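Worksheet: the structure to be examined is printed underneath.
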Amino acid sequence: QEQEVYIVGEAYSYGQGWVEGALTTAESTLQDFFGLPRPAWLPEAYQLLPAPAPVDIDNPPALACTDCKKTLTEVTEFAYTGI
Amino acid sequence: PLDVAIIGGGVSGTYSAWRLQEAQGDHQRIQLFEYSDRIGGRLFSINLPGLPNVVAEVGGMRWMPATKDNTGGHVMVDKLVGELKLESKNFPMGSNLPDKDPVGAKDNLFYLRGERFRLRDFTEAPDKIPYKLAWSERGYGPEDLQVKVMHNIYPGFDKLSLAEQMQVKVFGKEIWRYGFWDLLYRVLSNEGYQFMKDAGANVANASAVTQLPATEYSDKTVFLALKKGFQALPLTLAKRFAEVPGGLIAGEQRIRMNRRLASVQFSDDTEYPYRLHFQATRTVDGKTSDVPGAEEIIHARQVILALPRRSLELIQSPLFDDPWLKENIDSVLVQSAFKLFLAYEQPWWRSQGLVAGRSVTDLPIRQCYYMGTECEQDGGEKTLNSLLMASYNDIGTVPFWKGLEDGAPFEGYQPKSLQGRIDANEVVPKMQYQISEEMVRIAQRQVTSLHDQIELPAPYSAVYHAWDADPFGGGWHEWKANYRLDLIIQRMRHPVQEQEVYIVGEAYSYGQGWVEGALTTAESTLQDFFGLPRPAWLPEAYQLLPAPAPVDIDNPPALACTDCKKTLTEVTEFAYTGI
Amino acid sequence: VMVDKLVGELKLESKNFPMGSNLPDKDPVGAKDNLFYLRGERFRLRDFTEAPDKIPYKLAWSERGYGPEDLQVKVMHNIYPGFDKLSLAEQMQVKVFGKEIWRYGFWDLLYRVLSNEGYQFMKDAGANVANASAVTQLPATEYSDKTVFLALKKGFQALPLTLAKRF
Amino acid sequence: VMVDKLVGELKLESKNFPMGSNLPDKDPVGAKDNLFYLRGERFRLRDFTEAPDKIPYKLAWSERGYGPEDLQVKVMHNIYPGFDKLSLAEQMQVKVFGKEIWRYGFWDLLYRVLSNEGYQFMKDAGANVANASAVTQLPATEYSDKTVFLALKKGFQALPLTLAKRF
Ligand SMILES: Cc1cc2nc3c(=O)[nH]c(=O)nc-3n(C[C@H](O)[C@H](O)[C@H](O)COP(=O)(O)OP(=O)(O)OC[C@H]3O[C@@H](n4cnc5c(N)ncnc54)[C@H](O)[C@@H]3O)c2cc1C
């Protein structure tokens, strides 16, 4: 936090093994510690890096299932694919 | 000072009280006595922690809707449930997906003799079935095989009235004189019988007349359940019996829980000839024990014993010395039933292609039902918490599970959904039979084997119930061979002509194993010996109890075949189904 | 998205990166005829579903009839249904067999749910790393040769060169 | 010992109780040709070892090649080697899977060590009771049609009758 060295690239991205990983880390670091706006060509809808879980996830609050009917349907129909 | 004492807070008891109170309550003292602190008898519904909208039906769980013409299906249940404004839901026996051509039960599992196959393989891949069936028994599922067997014995047998079925002779003997297994031994290979038992419904020493009738299998067959659990039906009735306005006895005094009818004695009094001796009981954690002390004594004109066979046997009365009643109380077998529920945090089976209905195995667990996810229910919490039920009734498997009752209780674990809601030590409910850890480990291993998995998620909660001890003796009854069950059905409602004691309930009905049996016996007895009209909600088209055959059916007149062309066509086309 | 739009921005020409056949133009074979040679046996991709008896792995009865990718999808739904559709924050909180998923290595977690022959099959016919976090290896999608990929006509190195050139 | 010596004492005549054939007098067939008819299949006792492919139970690879009795011996040695040779007092102190053996029923203990098809095989081709104490059901001996049994020529009821007669 003290120093003004930044690390970008695929290595410590979410999109490892992709050029997308490298670009997303670079763009986020630029928007966050260099103050550059988001490019015109870059949509706002796109999340560059995944939001983290809380630092303390030991005994976390429950995950409320959003549209479980659709998830369970997808899962069962996938199973039917094999059968 | 009681005009009617009703013994038993099951569905037949509670229905009887409600009817009599709503009809004659203004001038008749009616009281309902129940052995335990719980109303419902063999209807018994619970919600496990984390599953507030997925009911675990430890007793009865579904009924067949009334037909359009109101002549078939469980008409009494369907219309009574309509009358009391209880909400019903579909009881699925398979998958609705894909919404275009629903798989139904076709993908549900079988694991028999070390082989795995799915239901669709009985017709699609009969080489997978590991039973050495006769050439003529291949290509049917177990149910369809039973239909074929029945048409072999007598074509269209299921479509005959009980009176005609009691006159049908096979291999020179009337069918009601055979036990199911003995009759099948004559027409079906040993491997066939083994196949029907294992992949299968039936009892081997029960009357062939009530076991043989079978229908063509169809996962499209519709069943209904109550959203609040089947126990809502008797509870509602009890609730509506103690809330009838008016009457000699005040609403809150009409139901007397925790009273075990110890005995019925005959008093010299002409007005109130029955002296009922009740023992007070207390119920702790679902277990009822006698409270030591005096017997409460009550006087009644009429008595309705809304009680199964074992319960009748535990009541002392000179009434039971009647030769007919002494002979015909033991005219029914009692089938023990056992249920195991396991609650999981996700429906691991949905990823295997399983949605509803049962998978079947020859492992001791026998059958597993997939019973529903909390989040997929109407107004259900946003939780993947799911319920699995296992059930067995077969005598041979019972000893296995019986040995696993001892040991440390299963404690479960507080699932994430319940964190900061329930206590960790309340995750596994306190029940009459407290599931042990060993039983849960072994059930989980057998469930894992059945689904062909290495390891499944562990259950966070469980419930075991046995319908075997007193007073129930078992889960349901079946007519024994060599008994004129058509005559016993009519007489047992009022067993001793002199006395004013009536017997109602599922035990000595035609519809044994169903709430419909209990309701039909109760309603007939009420219409016949209490004079109540038929309810408005109850159609006239529906026959409550089958008309009996003549007492002398030795050398009976011939049965004139009504539209034999249609029967023979049905029978032949059914045969084509297998071929 | 970043690559796609940045490539758009710098006016680099892209092309389809085919993963199979477009012929016959009516019903393209795709990757269905591409070869496998495993354990001395030859079969084609279509045989994972059309002819599963040709697959020379002694798979569990419940793991047959899937290609390697689809088998991984099935495994993931077995562990947690819809896991791939959760956010990273939710995936980091998912516990399996009493431990958070990000505390398992891929191979250790699979060992618990999939037969050894299953794992061997997914490795050989398969993407994955055995000691990598299960949270980033487990997410899988249904296989489809219709999945579209793009390449640069001048090669992917044209993207950094262009950038350097424009810097 | 008590029966044998008491029968000696009362001068009741005993005879061999054969469990198989004595012919041919050179190499007696014994029980090797006696029949089994299980699950629609026919085989003879000798086929448990001579032709195990004829046995129509899907036994584990490690349970094949034994007759039912020998399979029970194998199971018992798996649980505790030499268990049958221990005194009752020692057998009541033997713990398996963290519980004393006399706290298990036979079927529950076998469920842990033997496949379901194994149990089914031992019941069908087999002696045992499924809910009885494992301590008194588990002890088994190697099968041998050469095992000798005796009967009374006048029937076993001659023993109590004689006693009553001599009382
Ligand atoms: C496992 C299982 C599953 C079932 N599933 C279905 C199903 O899916 N569909 C269906 O339609 N039916 C089902 N049934 C059957 C249905 O539950 C019964 O047929 C019906 O509930 C019985 O009603 P009843 O009034 O005859 O008797 P019971 O329910 O037995 O009621 C008798 C009552 O009398 C009480 N009693 C006993 N002795 C005394 C005494 N001395 N004094 C006072 N009270 C006493 C008992 O405690 C009990 O409350 C099932 C049953 C079981 C066991």
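In the structure tokens, the first chain shown is A, the next is B, and so on; residue numbers restart at 1 for each chain, and ligands run from 1 in the order shown.
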
Open item on the list: Distance limit 12 Å, atoms considered: only C-alpha atoms. Which chain D residues sit that close to chain B? Return them as a ChimeraX atom specification.
Closed with: /D:37-42,56-60,97-99,102-112,115-121,123,129-134

Open item on the list: Among chain C, which ones does DSSP assign to helix (DSSP H, G or I) (computed from the backbone)? Answer as a PyMOL selection string.
Closed with: chain C and resi 2-9+47-50+52-54+68-79+83-85+88-91+101-103+106-113+116-125+134-137+158-166

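Across the structure, atom CA of residue B:163 and atom CA of residue B:555 are spaced 14.2 Å apart.
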
Task: Within 8 Å of chain A: residues of chain B, using only C-alpha atoms, as a list in words - done: residues 97, 98, 107, 350, 351, 352, 353, 354, 355, 375, 376, 382, 383, 384, 416, 417 and 419 of chain B

Dump N, CA, C and O atoms for the selected residues as a CSV table (one decimal), in the first residue's frame?
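Saved the output as out.csv:
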```csv
chain,number,residue,atom,x,y,z
B,97,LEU,N,-40.2,-32.5,-16.7
B,97,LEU,CA,-39.3,-32.1,-17.7
B,97,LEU,C,-39.0,-33.2,-18.7
B,97,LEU,O,-39.1,-34.4,-18.3
B,98,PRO,N,-38.5,-33.0,-19.9
B,98,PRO,CA,-38.7,-31.7,-20.6
B,98,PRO,C,-40.2,-31.4,-20.8
B,98,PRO,O,-40.9,-32.3,-21.1
B,107,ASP,N,-36.7,-42.5,-16.1
B,107,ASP,CA,-35.3,-42.5,-15.8
B,107,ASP,C,-35.0,-42.9,-14.3
B,107,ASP,O,-33.9,-42.8,-13.8
B,350,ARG,N,-31.0,-34.3,-8.4
B,350,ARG,CA,-31.5,-33.6,-9.6
B,350,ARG,C,-30.4,-33.6,-10.7
B,350,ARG,O,-30.7,-33.8,-11.8
B,351,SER,N,-29.1,-33.6,-10.3
B,351,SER,CA,-28.0,-33.8,-11.1
B,351,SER,C,-27.8,-35.2,-11.7
B,351,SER,O,-27.0,-35.5,-12.5
B,352,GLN,N,-28.7,-36.1,-11.2
B,352,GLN,CA,-28.6,-37.5,-11.7
B,352,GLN,C,-29.7,-37.8,-12.7
B,352,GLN,O,-29.9,-38.9,-13.1
B,353,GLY,N,-30.6,-36.8,-12.9
B,353,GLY,CA,-31.8,-37.0,-13.7
B,353,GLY,C,-33.0,-37.4,-12.9
B,353,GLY,O,-33.9,-37.9,-13.5
B,354,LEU,N,-33.0,-37.2,-11.6
B,354,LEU,CA,-34.1,-37.7,-10.8
B,354,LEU,C,-34.8,-36.5,-10.2
B,354,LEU,O,-34.2,-35.6,-9.7
B,355,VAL,N,-36.1,-36.6,-10.2
B,355,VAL,CA,-37.0,-35.4,-9.8
B,355,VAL,C,-38.0,-35.9,-8.8
B,355,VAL,O,-38.1,-35.2,-7.7
B,375,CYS,N,-37.0,-24.5,-2.1
B,375,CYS,CA,-37.1,-23.3,-3.0
B,375,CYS,C,-38.1,-23.6,-4.2
B,375,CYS,O,-38.4,-22.6,-4.9
B,376,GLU,N,-38.4,-24.8,-4.5
B,376,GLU,CA,-39.3,-25.1,-5.6
B,376,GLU,C,-40.7,-25.2,-5.2
B,376,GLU,O,-41.6,-25.5,-6.0
B,382,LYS,N,-35.8,-19.4,0.1
B,382,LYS,CA,-34.8,-19.4,-1.0
B,382,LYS,C,-33.7,-20.3,-0.5
B,382,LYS,O,-32.6,-19.8,-0.2
B,383,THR,N,-33.9,-21.6,-0.5
B,383,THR,CA,-33.0,-22.6,0.0
B,383,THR,C,-33.1,-23.8,-0.8
B,383,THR,O,-34.2,-24.2,-1.2
B,384,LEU,N,-31.9,-24.5,-1.1
B,384,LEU,CA,-31.9,-25.7,-1.8
B,384,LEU,C,-32.2,-26.9,-0.9
B,384,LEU,O,-32.0,-28.1,-1.4
B,416,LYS,N,-26.3,-24.2,6.8
B,416,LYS,CA,-26.1,-22.8,6.6
B,416,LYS,C,-27.4,-22.0,6.7
B,416,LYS,O,-27.4,-20.9,7.2
B,417,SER,N,-28.4,-22.5,6.0
B,417,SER,CA,-29.7,-21.9,6.0
B,417,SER,C,-30.3,-21.6,7.4
B,417,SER,O,-31.2,-20.7,7.5
B,419,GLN,N,-28.5,-21.2,10.2
B,419,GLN,CA,-27.6,-20.5,11.1
B,419,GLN,C,-28.2,-19.3,11.7
B,419,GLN,O,-28.8,-18.5,11.0
```

Could you list, as a tab-separated table (two decimals) with N, CA and C atoms, in the first residue's frame, the residues of chain C having an atom within 6 Å of chain A when counting only C-alpha atoms?
```tsv
chain	number	residue	atom	x	y	z
C	3	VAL	N	-10.82	-8.01	-25.03
C	3	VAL	CA	-10.06	-8.35	-26.20
C	3	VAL	C	-10.89	-7.97	-27.42
C	65	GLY	N	-21.80	-42.22	-21.24
C	65	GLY	CA	-22.66	-41.48	-22.14
C	65	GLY	C	-22.39	-39.99	-22.14
C	66	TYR	N	-21.22	-39.60	-21.65
C	66	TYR	CA	-20.82	-38.22	-21.70
C	66	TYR	C	-19.45	-38.15	-22.33
C	82	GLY	N	-25.65	-25.58	-10.37
C	82	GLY	CA	-25.50	-24.22	-10.85
C	82	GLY	C	-24.22	-23.51	-10.39
C	89	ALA	N	-17.65	-14.57	-5.54
C	89	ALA	CA	-17.82	-14.37	-4.11
C	89	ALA	C	-18.69	-15.49	-3.53
```

- [ ] List the neighbours of residue B:119 out to 8 Å using only C-alpha atoms; skip same-chain residues closer than 4 positions along the sequence, and give me the result as a PyMOL selection string.
- [x] chain B and resi 105-110+141

Would you mind exporting the chosen residues as a tab-separated table (two decimals), in the first residue's frame, restricted to N, CA, C and O atoms?
```tsv
chain	number	residue	atom	x	y	z
B	105	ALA	N	-41.41	-41.15	-14.98
B	105	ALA	CA	-40.61	-42.02	-14.13
B	105	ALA	C	-39.62	-42.87	-14.94
B	105	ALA	O	-39.01	-43.78	-14.40
B	106	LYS	N	-39.44	-42.57	-16.23
B	106	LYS	CA	-38.70	-43.48	-17.09
B	106	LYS	C	-37.24	-43.55	-16.71
B	106	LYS	O	-36.60	-44.56	-16.98
B	107	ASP	N	-36.70	-42.50	-16.11
B	107	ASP	CA	-35.30	-42.48	-15.75
B	107	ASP	C	-35.04	-42.86	-14.29
B	107	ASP	O	-33.90	-42.81	-13.83
B	108	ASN	N	-36.06	-43.27	-13.54
B	108	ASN	CA	-35.88	-43.61	-12.13
B	108	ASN	C	-35.16	-44.96	-12.04
B	108	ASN	O	-35.21	-45.74	-12.98
B	109	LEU	N	-34.46	-45.19	-10.92
B	109	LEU	CA	-33.43	-46.21	-10.91
B	109	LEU	C	-33.97	-47.50	-10.33
B	109	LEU	O	-34.91	-47.51	-9.56
B	110	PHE	N	-33.37	-48.59	-10.80
B	110	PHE	CA	-33.44	-49.89	-10.20
B	110	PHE	C	-32.04	-50.41	-9.99
B	110	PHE	O	-31.17	-50.24	-10.83
B	141	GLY	N	-43.00	-54.42	-17.38
B	141	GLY	CA	-42.60	-54.03	-16.06
B	141	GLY	C	-43.39	-54.81	-15.04
B	141	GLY	O	-44.34	-55.51	-15.38
```

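Atom pair atom CA of residue B:578 / atom CA of residue B:221 has a distance of 19.7 Å (rounded to one decimal).
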
TODO: Pull the strand (DSSP E) assignments for chain D out of DSSP run on the backbone, and list those residues as a PyMOL selection string.
DONE: chain D and resi 14-16+35-38+41-44+95-96+99-100+150-152

Could you dump the residues just selected with C-alpha atoms as a PDB file, in the first residue's frame?
```pdb
ATOM      1  CA  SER D  14     -26.199 -95.191  16.646  1.00  0.00           C
ATOM      2  CA  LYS D  15     -25.690 -95.044  12.857  1.00  0.00           C
ATOM      3  CA  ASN D  16     -23.865 -92.763  10.443  1.00  0.00           C
ATOM      4  CA  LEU D  35     -28.195 -79.846  -6.600  1.00  0.00           C
ATOM      5  CA  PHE D  36     -28.690 -76.131  -6.444  1.00  0.00           C
ATOM      6  CA  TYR D  37     -31.458 -74.314  -8.155  1.00  0.00           C
ATOM      7  CA  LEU D  38     -31.116 -70.609  -7.528  1.00  0.00           C
ATOM      8  CA  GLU D  41     -30.025 -71.583 -12.665  1.00  0.00           C
ATOM      9  CA  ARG D  42     -28.962 -75.161 -12.019  1.00  0.00           C
ATOM     10  CA  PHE D  43     -25.590 -76.185 -10.799  1.00  0.00           C
ATOM     11  CA  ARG D  44     -24.094 -78.696  -8.439  1.00  0.00           C
ATOM     12  CA  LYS D  95     -14.447 -55.096  18.896  1.00  0.00           C
ATOM     13  CA  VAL D  96     -15.048 -54.561  15.188  1.00  0.00           C
ATOM     14  CA  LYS D  99     -18.200 -51.701  18.626  1.00  0.00           C
ATOM     15  CA  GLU D 100     -18.186 -55.064  20.409  1.00  0.00           C
ATOM     16  CA  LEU D 150     -24.542 -89.637  13.917  1.00  0.00           C
ATOM     17  CA  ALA D 151     -28.190 -90.537  14.262  1.00  0.00           C
ATOM     18  CA  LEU D 152     -29.996 -93.076  16.393  1.00  0.00           C
TER      19      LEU D 152
END
```
